[PDB]
């Protein structure tokens, strides 16, 4: 089971052009929104989270309860959390593609012989790095996308391609949740199959 779990904020540039804010430095364009974080935890519960190196680095520390697999260039130093934590498993892009495309891979701890099997029965959530998300979409069983809307502009250093959201909209939407976070913020979490 492969689930995509990500968020974005449709916003405007200083000149009024549209853009889909995805990342802001080592954080999020909309900052820290309680409901957003709560939804994330519920959606990733009981799954093995897969993310890119910068996504792992953006974490203040390991998220409790879930295994963190990081896809990165192993020829470089291991990426760590803001608190210095290492991931449970680090895999190459080749392993990542072999897995999401329907294969099975063996993952091993970073500084230990321990290794286990990640196959098509494993429950996985792909969360960070548009590259990882775009690569997994054709093989995903479920897509959980959140749209955070702010009254005023939000900045970003990483954006999402509108074509990506378009490809997702082709899928069957089966669930949608809308929340008035505050006077200038709304959050919509939608589930596609």
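Numbering follows the first chain given and starts at 1.
Just going by the entry, 60-68 versus 143-151 on mean CA temperature factor gives the higher value to 60-68. Looking at mean Cα B-factors across 111-119 and 88-96, the upper value is held by 111-119. Comparing the listed residues 174, 24, 20, 14, the entry records the largest Cα B-factor for 14. Ranked against the other modelled residues of its chain, the C-alpha B-factor of residue 128 as given in the entry falls in the highest third.
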